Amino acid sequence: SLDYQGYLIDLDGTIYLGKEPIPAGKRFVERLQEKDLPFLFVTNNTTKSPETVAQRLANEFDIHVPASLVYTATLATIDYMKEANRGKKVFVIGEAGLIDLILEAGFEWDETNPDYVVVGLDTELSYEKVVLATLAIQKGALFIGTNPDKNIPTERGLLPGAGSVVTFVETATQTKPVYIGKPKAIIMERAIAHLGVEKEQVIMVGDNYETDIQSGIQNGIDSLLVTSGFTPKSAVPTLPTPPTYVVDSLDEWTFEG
């Protein structure tokens, strides 16, 4: 080959659409595995840990990968917190797979004067929670947003996503948050860190234009769009900026070009 030596891949909308799998998507992983190519999964979904994902992967879609190949926004979040080093105390709004991981990273749950206030998706959000966070932020805590996604795909349709919840807090505190997830650099920098190869020979693969393809454009990384998820192959034209490559199915992508 001698083109792209490492691959960053989105999950939902790319490898599996809800509970229904993506044939091509699954063949895409096998070829990468078979050809011994380096690749990393990147998702802004913080509700599930790596282990929990690799399982759902090797249990509902027959894809077999170690949990280390699943790089989530939660990972880049603990990574940024450590790197920012503003103390151990933290307050969080999110599902367990976000709170558990963080606290397991060395931080301490603090609802009054935490050093950090991390906000992610929480389907059990309550007025009280954002009240805690608003007070915490007002006292100085650093406001962190897990990912800017305004919505999130479910069996009921497009529900409110991490992004929408973050904005709720942002509005109540008139404070811009530090976003971690795609298309922000933070998660991407860390991703390339794990992948193991440098940007010039790496390429972001995904179905969504707002998060996946932007991850590439925002950070100097080639992108490959697959019209199998969100953005239809109809919207390919009109897109503010074209992705490095456009394919209607990963089966049309050859690791030689």
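Residue positions are given as counts along the sequence shown, with the first one as 1.
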**Report entry** Mean temperature factor over C-alpha atoms, higher-scoring stretch between 16 to 24 and 244 to 252
**Finding:** 16 to 24
Requested in this report: Give the stretch, out of 150 to 158 and 127 to 135, with the larger mean C-alpha temperature factor in the deposited entry.
Outcome: 150 to 158
Query raised in the report: Highest Cα B-factor in the PDB entry belongs to which of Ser223, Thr43, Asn219, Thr227?
Result: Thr227
Query raised in the report: C-alpha B factor of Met188, ranked within the chain: lowest, middle or highest third?
Result: lowest
